[PDB]
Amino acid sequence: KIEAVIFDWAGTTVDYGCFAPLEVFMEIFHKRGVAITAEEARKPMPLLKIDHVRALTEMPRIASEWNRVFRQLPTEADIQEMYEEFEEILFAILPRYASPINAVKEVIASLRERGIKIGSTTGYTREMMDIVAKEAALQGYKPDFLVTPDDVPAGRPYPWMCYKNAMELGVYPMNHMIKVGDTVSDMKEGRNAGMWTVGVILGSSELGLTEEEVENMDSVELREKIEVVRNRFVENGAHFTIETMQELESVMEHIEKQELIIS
């Protein structure tokens, strides 16, 4: 039972903290003496098109600074000539954060030797993925199949992308697959398809921490923050939640032994 795991990308498989799409947004602004927090950088994370450089331009403290350095408010060609260079700088920065998240290696190798198929879904796009994947493979990671919002009629909340990793990999009931992510949207995806939804923490978008900024965080505050993530996953779906990745091949057995049904 459970013949395939449907992983995610930045936050799950690669790019710790899911900063790729962020850093870009920061430079675009910082390149005009604005300076913004990665904290504000997220917010409209899903849906990375121009409207985000418009929602980030309509933000309080943001509109302020901007109007203080240029002595005026963002123009229409300001959002443009900014997004035009978002895609640009991003497609050229994505490969910087395409390394398989430490230890994810062994997990995949292992899960295959045990006869498990590996698929995936993402928020990014074909063009965005044609850059991400490529680097990943040259770097050791390459699932058996991949799907982006471009392949289906809708994005991440819906199960559509997941119903295709199925067709390809060829796996009858949905209960035979596991969904793994790092965002409430992901849990909503798995607990929609009819799959087993699990949330990763240490390196997730939610916990939004850096692969080091987690070591400097003190023993009591980290765990303190981890639970916050965990709890937020659980209610949005998540049949299980894990901190690291080594704990997934521990969840599968459980699923099987446990003997609980997905309704």
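Throughout, we count residues from 1 along the sequence that is shown.
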Mean C-alpha temperature factor, higher of 166-174 and 71-79: 71-79
Mean C-alpha temperature factor, higher of 112-120 and 81-89: 81-89
Out of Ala238, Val229, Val214, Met26, residue topping the C-alpha B-factor column of the entry: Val214
Residue with maximal Cα B-factor (values as given in the PDB entry) among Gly203, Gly194, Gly199, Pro60: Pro60
Assigned third (lowest, middle, highest) for the C-alpha B factor of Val107: middle
Ranked against its chain, the third holding the CA B-factor of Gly181: lowest
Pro95 CA temperature factor, ranked by third within the chain: middle
